[PDB]
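Cβ placement follows ideal geometry from the backbone for every residue including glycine, while neighbour counts extend to all protein chains displayed. No value in this document is a laboratory result; all are computed from the given coordinates.
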Amino acid sequence: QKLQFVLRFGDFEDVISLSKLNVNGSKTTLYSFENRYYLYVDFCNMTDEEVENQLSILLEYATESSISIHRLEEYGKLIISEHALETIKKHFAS
Amino acid sequence: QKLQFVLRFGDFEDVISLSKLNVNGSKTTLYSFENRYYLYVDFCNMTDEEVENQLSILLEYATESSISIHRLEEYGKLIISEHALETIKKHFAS
Amino acid sequence: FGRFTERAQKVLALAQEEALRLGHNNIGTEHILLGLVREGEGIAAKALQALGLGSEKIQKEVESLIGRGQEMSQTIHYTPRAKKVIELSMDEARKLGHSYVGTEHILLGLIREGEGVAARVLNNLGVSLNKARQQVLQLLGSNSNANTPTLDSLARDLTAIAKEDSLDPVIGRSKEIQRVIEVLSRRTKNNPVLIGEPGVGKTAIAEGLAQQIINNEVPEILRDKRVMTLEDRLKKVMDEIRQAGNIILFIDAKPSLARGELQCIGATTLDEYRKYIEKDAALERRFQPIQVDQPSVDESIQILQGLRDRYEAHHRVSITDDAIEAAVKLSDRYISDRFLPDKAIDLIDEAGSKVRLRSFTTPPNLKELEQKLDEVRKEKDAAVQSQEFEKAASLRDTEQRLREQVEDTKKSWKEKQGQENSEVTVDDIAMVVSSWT
Amino acid sequence: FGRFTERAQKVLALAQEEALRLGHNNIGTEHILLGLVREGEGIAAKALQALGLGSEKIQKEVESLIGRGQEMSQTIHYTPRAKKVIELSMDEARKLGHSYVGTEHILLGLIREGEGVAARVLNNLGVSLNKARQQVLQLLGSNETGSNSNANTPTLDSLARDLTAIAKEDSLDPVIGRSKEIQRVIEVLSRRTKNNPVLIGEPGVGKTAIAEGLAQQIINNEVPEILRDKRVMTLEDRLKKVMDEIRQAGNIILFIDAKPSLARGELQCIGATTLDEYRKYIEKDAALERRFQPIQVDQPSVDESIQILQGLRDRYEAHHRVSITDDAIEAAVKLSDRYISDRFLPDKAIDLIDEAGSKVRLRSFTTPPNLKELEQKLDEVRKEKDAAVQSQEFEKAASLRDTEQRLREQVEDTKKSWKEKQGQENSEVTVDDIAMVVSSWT
């Protein structure tokens, strides 16, 4: 089962919101593309049950884009690497 | 595997360009027909790998015509025999 | 995002109660779910009690996936997911004729948009998604010889249909009705053709016979007789009749012909009928006419009040009586190129919206803040992709000051519902007309 | 041969970097291939890393088939093959909605024209041609640009341009009004009697414009809670199929200009049909005079016209000369209301504009001075050169070819001297252009 996903938020504030929680053993990176912001999640080693779980939360705040992840790595716009959630929580939660 | 081919060049200068290289163990003869120039290549003894190879290069400069080679030998227009490449290199590369 | 039951509204605000009781900052689908099982009395609440999902079992899974608790509570808002979930319950009720959303529909609406935290609470509490939509369902529900064929829809049975006590008034055209019956007895010019300027009244005359045969005074053999209404199903059903004949047909718009039985009441215009008898002469024979005088002015009035209740559907009427008096009288002499019952009704409608319309209009010189606001967000975006966070977060803390700003003059526009919500009197009616004359 | 990504353009020039690094004189498909794997970061670059094809493995096969190295480098050009390979990547991207070419497409474009040196490197590196087009593919995909909701499927499918949608991402023009016109629609639409509206006027006033009006206002947001949460849309074997897949979804309003299962379902319309054509439908009657119901579309106030133009001015910059000039627009419009005089006051205008909205981009492209004659000359030459070359007459061509390009560069130099006919006219506009258009209409 796959352990890396790419999600699209409609408006940026949706991302801040997500940030205000716990990323947890979750490397994550954030792109800007077609004016909408995509976010790329990478779970290292988790039980499938544990991931289908976690991913649930994420999509309270996003949807999952059919977007080829390498389209971003090439033709996107990087904004924050590896610790993408973590950084937004810094500059935005209060 | 066959060891003799007939290629058509769109414009003559395409042939000059091909000339500026190495023919190599390659007898070659050049016809004029339907305003386009056909070129007839004849490898004496080469490994199949060695010929599929060489022929690659040629088709950077031509395409391979479905043309019955004897149609040329009869109804074509001879321009240079046997050492067709070799001769154009003389009168044209500088 | 509209109006639901108390039970809905309470359950929703109740999500917020739970928003904070754990300290989170956005209320997602997980809180809407706590909301439902925690008002413990909604159909939604009831269902969960079925699957084996008390508040106890649930909140334990949820805290086991989020927990405290930034008391931030900086005036919170929804998850985009849950905003979808709300948009959905509205539809999970269109899909049920339920004129208003409530505890169930919201539970319905959650399953539908299964991607989210609620959904996982349950696929975790060993409760697949469909076993759940079921439980809600099993707590809501519904509301004859040749009729078999006929009884498509095509073409609904005026008679038994209004035998079920289920019928209203109905105001006539009381002597319009009875002339439908001198004809619908004869043996001469037998089948009556209903000519009058279109409408309304017209459909109401046949809803008459219906009312008359049933309760009950009528004569020259006419009891247990239905009045029925409205190509690859054509003369098909029509044979269930050449084999049993308790039936008048009510037409709207053709003649597959008096090949025998076929009792029908004619929907046609002053002239449209002359588009039958000229080619002749089933007309001067079978079919035979009668006119719809425009219903009595006073009768006209007490016709609306009956459907007053039913347009209350747009918010203002019922009432005012003083409001209808208008509609009707204006029409009879002041243009004055229709029929005295149809016109009035139309007028209401102009206003039967034109008021919820004027109700949801736009605030003062408060346009230019929108324009300001716009570029700030914009200015915000550009910098975040440049990052430049602070140099923007500035700009977010700043866009948002303007947000709650404009609201308190748009939510300050339920200050504008009052100045017309359910206000009704001629005031609104006649200005309508300044145009039509 | 156009414009691609950096990644593209870099990979391409990078072929040349390789052109010379080995001393060859024409950059063939083999160098474009080196170009791709050596910029090591393009999607193209990435793919090759998959098949097991680093720069190491490749260049070894290639040098094992060409090697040094006439440093000639006499200002080199392409192989005709590779020039084909480039023409191709442009098409291998038309075929993907990719508005611009890039590293992948060029790799795509190579496989397609498999006859050539690259292709053999791989059929030599035990990498059949299709295993390769695959690898690139499995690194691109769909979009899902639309966010949603179930029933929309059968529907949003057909057909037929979801106006609420185009009004969601705000990717929608103003448009002016006929602002009091948009309102009269919502009465006729908030009812129960005359449920469905129908606009009649010359056709003309781009009636269709008023409709985009709802999209915007039903969204944000001035409209009865009686209509929030709905959708505007437009437009044979696909019969009752999708229409069944809609009555089963009440949140829908529709647009026509031309059927009637009327009133049946929540099947709710907005109609655009001629002054008279409607005469020819309530004439049908009387579900007509009933359900559907009309409002008069105005030939916009003349000034209003002007504003519509500008709003889509910035959008007719497509044909190369606008924005501007205002002073010119006013004419497009103004002359039409009073001078001929056979349409609606907003279609007329834009038509004048478009008559001119290529016309001048054209006076740009005309043939140079009577130097139509040069080319005429240069012809007779090739022949002598050519036909002579068939006779040979060799050095009788050498100077003959040379006599030729003497000509050619002279030609192209005065053929591109008409970039001046561009700086004179291109991006012009003023009035005089129009008034021409006008007099050439009477």
Length gained, residue D:280-residue D:262, 0.36 nm per residue minus C-alpha separation, equals 4.9 nm
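Starting from the range C:314-371, pick out the chymotrypsin sites (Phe, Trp or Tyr not before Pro) whose DSSP state is loop and whose Cβ has at most 12 other Cβ atoms within 10 Å.
Values: sites: C:334, C:339, C:360; in loops: C:334, C:339, C:360.
Taking the range C:314-371 and a limit of 12 other Cβ atoms within 10 Å, the loop chymotrypsin sites (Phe, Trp or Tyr not before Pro) found are C:334.
At 222 nm, what helix-only mean residue ellipticity would chain B give, in deg cm²/dmol to the nearest 500, using -39500 (n - 2.57) for each DSSP H run of four or more?
Values: 4 runs with 37 residues, N = 94.
The helix-only estimate for chain B comes to -11000 deg cm²/dmol at 222 nm.
For the range C:144-296, give the share of DSSP beta bridges that are antiparallel, in percent and rounded to the nearest 5; count only bridges with both residues there. It would help to have the intermediate numbers written out before the result.
On the way: 1 of 14 bridges.
Expressed as a percentage, antiparallel bridges in the range C:144-296 total about 5.
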Residue-ordered couplings for the range D:244-256, obtained by feeding phi - 60° into the Karplus form 6.51 cos²θ - 1.76 cosθ + 1.60 and rounding to whole Hz (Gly and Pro as x), are 5, 6, 9, 3, 7, 3, x, 6, 9, 10, 9, 10, 9
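Evaluate 2.2 N^0.38 Å with N set to the residue count of the range C:397-437, then give the Cα radius of gyration divided by it. Could the numbers behind the result be given before it?
Working: Rg = 17.4 Å, N = 41, 2.2 N^0.38 = 9.0 Å.
The reported ratio for this selection is 1.93.
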With Cα springs under 10 Å, the Gaussian network model of chain A assigns the largest mean-square fluctuation among A:74, A:82, A:13 to A:74
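Compute the projected area of the convex hull of the Cα atoms of the protein assembly as shown, averaged over all viewing directions, and report it in nm² to one decimal place. Walk me through the intermediate numbers first.
On the way: hull surface 236.8 nm².
Averaging across all directions leaves 59.2 nm² for the Cα convex hull.
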P(r) of the range D:149-301 over all Cα-Cα pairs, 5 Å bins starting at 0, rounded to whole percent, reads 2, 9, 19, 22, 22, 16, 8, 2, 0
Fewest to most Cβ atoms within 10 Å: A:31, C:276 sort as C:276, A:31
Listed by chain and number, the residues whose amide H is under 5 Å from that of residue A:80, excluding neighbours fewer than 5 places away on the same chain and using placed H, are A:30
Which residues qualify? For residue D:196, with a placed amide H closer than 5 Å and at least 5 residues away or on another chain, they are D:292, D:293
Expressed as a whole-number percentage, the relative contact order of chain B with C-alpha contacts under 8 angstrom and at least six residues apart is 43
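When you have a sec, figure out the Kirkwood radius of the range C:1-140 from all distinct Cα pair distances and drop it here in Å to one decimal?
Values: mean 1/r = 0.0680 Å⁻¹.
It is 14.7 Å.
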When D:441, C:413 are ranked with the fewest other C-beta atoms within 10 Å first, the list becomes D:441, C:413
In order over the range D:361-367: 3J(HN,Hα) from phi, Karplus 6.51/-1.76/1.60, θ = phi - 60°, whole Hz, x for each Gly or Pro, gives 4, 9, 3, 5, 7, 3, 5
Residues whose built amide H sits under 5 Å from the amide H of residue C:191, excluding neighbours closer than 5 in sequence, are C:287, C:288
As a Kirkwood estimate from alpha-carbon pairs, chain B has a hydrodynamic radius in angstrom of 13.3
Diffing the range D:91-102: the Karplus 3J(HN,Hα) column from phi (6.51, -1.76, 1.60, θ = phi - 60°), in whole Hz with x for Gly and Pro, holds 7, 5, 10, 3, 6, 4, x, 4, 4, 8, 6, x
Exposure proxy check on C:254, C:225, C:410: fewest-to-most Cβ neighbours within 10 Å is C:254, C:410, C:225
Once the in-chain neighbours fewer than 8 apart are removed, the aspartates and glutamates whose Cα is under 14 Å from residue B:77 read B:34, D:386
